[PDB]
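K.L.:
kindly generate the corresponding structure for this input.
(chains A, B, C, D, E, F, G and H, ligands or ions: 12)
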Amino acid sequence: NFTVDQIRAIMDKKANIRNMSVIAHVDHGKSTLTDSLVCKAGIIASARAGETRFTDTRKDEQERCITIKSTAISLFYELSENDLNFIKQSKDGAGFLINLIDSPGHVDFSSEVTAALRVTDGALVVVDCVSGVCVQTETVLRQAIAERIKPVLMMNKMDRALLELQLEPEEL
Amino acid sequence: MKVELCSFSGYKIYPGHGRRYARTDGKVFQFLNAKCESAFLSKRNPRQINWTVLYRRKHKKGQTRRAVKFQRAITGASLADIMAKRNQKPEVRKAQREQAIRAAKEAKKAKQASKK
Amino acid sequence: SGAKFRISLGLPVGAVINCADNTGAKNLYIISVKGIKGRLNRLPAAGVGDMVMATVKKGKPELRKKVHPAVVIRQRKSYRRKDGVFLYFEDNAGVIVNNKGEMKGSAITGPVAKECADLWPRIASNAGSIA
Amino acid sequence: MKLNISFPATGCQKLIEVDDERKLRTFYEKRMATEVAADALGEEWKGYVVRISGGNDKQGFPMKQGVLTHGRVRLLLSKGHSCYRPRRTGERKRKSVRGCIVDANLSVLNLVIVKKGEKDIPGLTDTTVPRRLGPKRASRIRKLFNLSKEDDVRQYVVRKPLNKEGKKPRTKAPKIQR
RNA sequence: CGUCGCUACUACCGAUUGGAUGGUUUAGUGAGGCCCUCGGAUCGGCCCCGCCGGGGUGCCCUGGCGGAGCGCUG
RNA sequence: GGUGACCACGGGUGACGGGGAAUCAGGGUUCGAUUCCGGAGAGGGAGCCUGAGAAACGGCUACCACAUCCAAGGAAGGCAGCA
RNA sequence: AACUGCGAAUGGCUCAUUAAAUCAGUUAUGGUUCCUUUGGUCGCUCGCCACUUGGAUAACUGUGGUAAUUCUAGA
RNA sequence: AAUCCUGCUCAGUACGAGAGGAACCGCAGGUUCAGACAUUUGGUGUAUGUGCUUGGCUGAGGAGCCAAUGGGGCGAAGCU
Ligand SMILES: [Mg+2]
Ligand SMILES: [Mg+2]
Ligand SMILES: [Mg+2]
Ligand SMILES: [Mg+2]
Ligand SMILES: [Mg+2]
Ligand SMILES: [Mg+2]
Ligand SMILES: [Mg+2]
Ligand SMILES: [Mg+2]
Ligand SMILES: [Mg+2]
Ligand SMILES: [Mg+2]
Ligand SMILES: [Mg+2]
Ligand SMILES: [Mg+2]
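P.N.:
Numbers count the residues shown, from 1 in each chain, chains lettered A, B, ... in the order given. Ligands and ions are numbered 1, 2, ... in the order given. Shown next is the protein structure:
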């Protein structure tokens, strides 16, 4: 929530930036995860919980509640030094900047997915733990790994498996 | 026991009684009965209707100040001292005016000495 | 939610009501009432808060020879508000909407019945005041 | 509901919150510039009589004397009526004012003490704050001190002492006029 | 040279009580302003006139508390 | 009764009026919103306080056309001034 | 900071309206008003405070109301 | 002799690549019908109940009447 001066001061460093995209099948919670991380981190991004955040810039997008257009946001923050020890990459200081790109999850928007992949260097992949790996996650993963993007996985909606499904720990 | 309404004729319109009317200008009125409603639509002033509360009020049917002299304190002085000061001895007052007279006399003496 | 209670109908098919919006229309000629099954010889009737189908008889020529959705917002027949109030308005009037209920116009002239305002949110948001 | 109590003879007007219309009925349906018994607000308030000096509405619109309505109406406000300040000489301005009739649909009631009861409520009926400024007019100071014919009027003005820690305390007297 | 056949353009007449945008108006409704005739919510002053303080000597100087005169007035 | 072919009355103007500008044998013909003077206006009317001077609008009030915030009770508008 | 006095009615912009209307020349106002400047006039009237009379009201200190305004009340 | 629909919850869930997209329980109401009822709102109204009023008539006032219910305002009970 700070001015553009420190934004530039962290922008000029090129080993703490992480341009990444979140990719998932439709109805998996990509918008929810993006808005929660906007709630926590953010260059100026706040923690408003009025349904959808800036990633739904279009009135029709909010009305129908289908993600359509991609909007890129930046998340600057800091983490402890004993956890900085985990980063075996090129590190510099305490501040870290992330360029998140929220791409639409429909098969018909795979062109926007490709365009986002060109910009990005890393990816977070989101999978509902109830549905498993659906068609679109497989397809976008193929696109990302053909575009040479390192993906990191995240299984969403664990509450669904533990309440709606009542899964025992072993089968979970 | 809702809000106790009042018609144009001033009577208390009880819940479940009367009728409410909303004009297009946004003004809402209440009429105790069809007699009241029809009179209002006829645009007859209630002040010329012998049995309305406005008429009785207008025709008077059925029908001081304090100049105080507080004396308080004043900032930078003493409350106990100011009353004594304003009620001081007349002997002290005449002594004060005569000492002012001799102060003026010696001021004249000093001014003459300086001007000489 | 809570549905609207029954109200005295007052406005059957054939009635001409004012158009309170700013679409340039003048009046609505109610040709039907949405959601009325009916009965032999019983003319379909509509109160406030009901959606009707109407054609404007006066107004801008691009609106006249067409059928439009509409919602009655003021009626002249007195109706009970389930708490003793027998309320009626000075005139019969409605606004022109679409099927989803969004108001074609943007401002509403005069008051709007509470039943209509609660049934339709966007009508309420355009309403000058509620009576 | 907030209520300012203002004692003329002592100053130190204070705020009291009340949440009992059972005891606000003694102010309901009254009018301003009228005096009422404030004993319903407690035995501590027994023997106390007040006068309704003013109030502030639920909207914040102050109430002006001379409306005779339990609500707000728009008036044409010229110079020096109430609730108005002219930005230009002779300018007028239409603005709503709350009526003088008092009821529950308010926020603040301004009451002035006209009679002092037996039970002095602390903070209000004690520690009299002094007059802000000594009189500046010659006749004013003469009448107040009962000076007959020039009894050291030159020195008999109160000299206000200014004191603060980060300076040298002193005292200074005003300029007497007329 | 003209009719007839075809093609483009330009106007004309044309039922449609055609339609639209300006202006000027009859009538009616009429906000608001001002003037006049009322109106007197309040605020003062004179008549304090219940008290205390009281005065040249209850015959008060009134500093005030304070019912009030509940009249005469701005 | 008054005014009218010596053009009244009405209509139009892509009409603010003039001092003036262009063209140039002479005579004339177009153009003048435009820095000087006079006039009118401040989104359209209308009515007003102050003030010697205003029917003022970077004064007010009401309607109308637009349009800003709003917690939905409310408040606040006039760049045909310099940008 | 505020009361008070003055200015804000000049200037700037624009040419929508306006066809004996505006405007240009000329003239009158002996048919009218006029702050400001200047010059006149200010003991010209016979009339228990004059060594100087009254109440406040600002600004100011405190209590605030309103979501809000160059909004304002109470002491 | 009861009849049917709508909205909320289920649920933007199951299902489905997606688009779209339900149901059982429950809740709030309505349509059509039926049986009543007058507290309320409305209608009626010759209580010929009370005012107003046109023409005429009782000498005038007062009080009244006639005009097949003179017209009209409001109107109890009842009926609806
Ligand atoms: Mg039939
Ligand atoms: Mg002086
Ligand atoms: Mg022009
Ligand atoms: Mg010109
Ligand atoms: Mg000029
Ligand atoms: Mg002007
Ligand atoms: Mg103007
Ligand atoms: Mg002046
Ligand atoms: Mg007769
Ligand atoms: Mg008679
Ligand atoms: Mg006969
Ligand atoms: Mg009737």
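
K.L.:
mind listing what residue B:56 touches?
P.N.:
Counting by CB atoms under 8 Å, 6 or more residues apart in numbering or on different chains, residue B:56 touches residue B:62. In short, each C-beta sits where N, CA and C put it, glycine included.

K.L.:
show the contacting residues for residue C:103.
P.N.:
When contacts are counted by CB under 8 Å, 6+ apart, residue C:103 is found next to C:21, C:95, C:96, C:97, C:122, C:123, C:126.

K.L.:
between the two ends of stretch C:10-24, how far is it?
P.N.:
Terminal residues of stretch C:10-24 lie 26 Å apart, using CA to CA, to the nearest Å.

K.L.:
and stretch A:139-155, end to end?
P.N.:
17 Å.

K.L.:
circling back: which one (most neighbours) among the contacts of residue C:103?
P.N.:
For the contacts of residue C:103, the largest number of neighbours (other CB atoms under 10 Å in any protein chain shown) sits with residue C:95, at 30 neighbours.

K.L.:
give me the secondary structure label for that one.
P.N.:
Under DSSP: H, G, I helix; E, B strand; the rest coil, the three-state class of residue C:95 is strand.

K.L.:
which residue, neighbours along the chain excluded, lies closest to it?
P.N.:
Excluding its sequence neighbours, the residue lying closest to residue C:95 (CB to CB, 6 or more residues apart in numbering or on different chains) is residue C:21, at 4.4 Å.

K.L.:
just read off the phi/psi values of residue C:112.
P.N.:
With angles defined as degrees, to the nearest 10, residue C:112 sits at phi -130, psi 130.

K.L.:
beta partners of it?
P.N.:
Counting by DSSP bridges, residue C:112 forms beta bridges with residue C:130.

K.L.:
count of neighbours near it?
P.N.:
Other residues within reach of residue C:112, judged by other CB under 10 Å, total 28.

K.L.:
confirm for me that it is in contact with residue C:125.
P.N.:
No. Contact between residue C:112 and residue C:125 fails when scored by CB atoms under 8 Å: they sit 10.6 Å apart.

K.L.:
okay, now residue A:144: neighbour count?
P.N.:
By other CB under 10 Å, 22 other residues sit near residue A:144.

K.L.:
hang on, it packs against residue A:151?
P.N.:
Yes. Residue A:144 lies in contact with residue A:151 (CB under 8 Å); the separation is 5.8 Å.

K.L.:
how about the residues of chain C near chain B?
P.N.:
The interface of chain C toward chain B, taken as CB under 8 Å from any CB of the partner chain, is made up of C:74, C:78, C:83-91, C:93, C:109-111, C:128-129, C:131.

K.L.:
residue D:59: what's its closest spatial neighbour, skipping adjacent residues?
P.N.:
Once flanking residues are discounted, residue D:59 sits nearest to residue D:72: 7.0 Å by CB to CB, 6+ apart.

K.L.:
closest residue of chain D to RNA strand F?
P.N.:
Per CB to the nearest atom of the strand, the residue of chain D with the smallest distance to RNA strand F is residue D:90, at 2.0 Å.

K.L.:
give me the distance between that residue and RNA strand H.
P.N.:
50 Å (CB to the nearest atom of the strand, to the nearest Å).

K.L.:
likewise for residue A:160?
P.N.:
To RNA strand H, residue A:160 is 8 Å away according to CB to the nearest atom of the strand.

K.L.:
isn't that residue right up against residue A:166?
P.N.:
No. The pair residue A:160 / residue A:166 is not scored as a contact, 10.4 Å apart, by CB under 8 Å.
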